[PDB]
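One structure below.
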Amino acid sequence: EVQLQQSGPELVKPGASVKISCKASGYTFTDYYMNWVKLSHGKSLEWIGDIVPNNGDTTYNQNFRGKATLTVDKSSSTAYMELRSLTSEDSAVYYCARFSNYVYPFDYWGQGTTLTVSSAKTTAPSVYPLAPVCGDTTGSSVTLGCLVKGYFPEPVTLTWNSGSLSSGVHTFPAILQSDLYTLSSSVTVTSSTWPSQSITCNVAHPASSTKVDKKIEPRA
Amino acid sequence: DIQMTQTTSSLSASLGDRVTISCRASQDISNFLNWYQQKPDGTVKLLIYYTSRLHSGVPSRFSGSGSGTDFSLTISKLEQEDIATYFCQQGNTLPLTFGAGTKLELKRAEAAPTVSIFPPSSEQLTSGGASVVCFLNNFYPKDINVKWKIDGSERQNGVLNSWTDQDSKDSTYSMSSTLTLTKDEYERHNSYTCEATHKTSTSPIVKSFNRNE
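Quick note, the sequences are listed as chains W and A, same order. Residue numbering for the first sequence follows my numbering, beginning at 1 and increasing consecutively. Residue numbering for the second sequence follows my numbering, beginning at 1001 and increasing consecutively.
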């Protein structure tokens, strides 16, 4: 029942700083070190450093000296990491993890905090319905699409028919273009299913507080 | 520092197979070697520590072996929930360092892609943009090639491709290819074609439309 609760996602501008938190529970906080680990998909997993909660003594990976500062509030069982002078290279998921000493494993991890470092502005998506060419389908199944263009930051959530249509769905990872994100999704149903039944692409973008529910209609 | 190397970055197996993942250290780390499991939801769990010890609550199908500079994680009978990415990590000397990860995937029979092409929506056209979308769906194995024709001429600029992870239900892959054009450019050409090349055929699968027939 050891739990490490980390703060939520962050979007910051290049050159700024960010401070993230990790609140521990379910054990004596001062008996273990708290660690931070970076997950990027250009450098995989890297250990940043550790901190002794009783006295605040820190040990850093030299690669993160200057970049990261570890602090603790032992009264609230909370560990903090401040990341400074931010660049796009710092965009990553950061984890807190405890060990009893560095020769021992990271036996419990936080859920991770996602950091986005970018100059792009928070922007709601355009959501475009993709109906088959006005001459489809020519078979037993029909494929429909949803194109979610020009949003920032990640993530969006996408469902079909509010999640009721979950089989036959492919939702593709978002890609940057004109450094805004674009994502697409497809759904395949029997030809007897559409257009006789309504199919709707439901897109939510938490960062812009926007939801779009786009019905896929036959092309004119 | 100590470099941890996982020479295989992605390994394919069948459910029920005995799967072994290799880890090597650039110098002797004794038995201070741990293994972690990472899943798409971001969850990271300890599996094995100190080379061979099983973490509390980890299934007995997981085991660990090795010493010095050569280590391995074995799954004695692969289960669906084991499809994930595995990282080794040394704790002999600071700074602590991890391998680059080994992703497990499932084998299945080869499957041709189902290809569908989509002209710009009328809504996107009113907005001043034009994206042409091609889905290449439910194919296996994962490697595939898409080629866009515009009035015959191959277009690679403005093309962005995205692959799904392996489908949890049928073990296939899918890919979306999007050709982005200004609306002016889209209305100055007529024939739009996307071609799928996959090991399942020496012939490309071709889908096409004429902008507004």
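Using N, Cα and C, we set each Cβ at its ideal position, and we do this for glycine too.
Between the stretch 176-183 of chain W and the stretch 130-139 of chain W, do three or more beta carbon pairs fall short of 8 Å?
-> No, they do not touch.
Check each residue of the stretch 1081-1101 of chain A: if its Cβ is closer than 8 Å to any Cβ of chain W, include it; give the result in chain order.
-> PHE1087, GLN1089, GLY1091, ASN1092, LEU1094, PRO1095, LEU1096, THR1097, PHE1098, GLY1099, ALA1100, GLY1101
In chain order, what residues of the same chain lie with their CB nearer than 7 Å to the CB of residue 221/W, ignoring the 5 residues before and after it?
-> Here chain W has residues from 1 to 220 only, and residue 221/W is not among them.
Pick from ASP1028/A, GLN1166/A, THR1193/A, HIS1198/A: whose alpha carbon is nearest that of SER1010/A?
-> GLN1166/A
Would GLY112/W count as contacting chain A if we go by Cβ distances under 9 Å?
-> For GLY112/W, the nearest CB of chain A lies under 9 Å from its own CB, placing it at the interface with that chain.
Given a cut-off of 9 Å, decide if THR113/W and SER25/W are closer than it, judged by their beta-carbon atoms.
-> no
Residues that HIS1198/A contacts on chain W, provided the C-beta gap is smaller than 7 Å = Residues of chain W passing the Cβ test: none, with the nearest at roughly 16 Å.
Going by Cα to Cα distance, which pick from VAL1133/A, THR1069/A, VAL1159/A is closest to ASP1028/A?
-> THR1069/A
Leaving aside the five residues before and after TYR128/W along the sequence, list all residues of the same chain whose C-beta is less than 6 Å from its C-beta, in chain order.
-> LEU147
Report the three-state DSSP secondary structure of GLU1105/A (helix, strand or coil).
-> strand
Please report how far the alpha carbon of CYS1088/A lies from the alpha carbon of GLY1101/A, in whole angstroms.
-> 7 Å
List the whole-angstrom C-beta distance separating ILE216/W from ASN161/W, where the pair is believed to meet the contact cut-off of C-beta under 8 Å.
-> That pair is no contact at about 10 Å.
Under three-state DSSP, which class holds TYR94/W?
-> strand
9 Å Cβ cutoff, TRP1163/A in contact with chain W | It does; some Cβ of chain W falls within 9 Å.
For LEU1125/A, the three-state DSSP class (helix, strand or coil) | helix
For the stretch 1122-1152 of chain A, which residues have a CB atom closer than 9 Å to at least one CB atom of chain W, in sequence order?
-> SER1122, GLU1123, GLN1124, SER1127, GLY1129, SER1131, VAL1133, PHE1135, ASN1137, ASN1138
Sequence ranges, alpha helix (DSSP H) only - wholly within the stretch 1060-1109 of chain A, length at least 4 = Given a length threshold of 4 residues, the stretch 1060-1109 of chain A has no whole run of the alpha helix (DSSP H) inside it.
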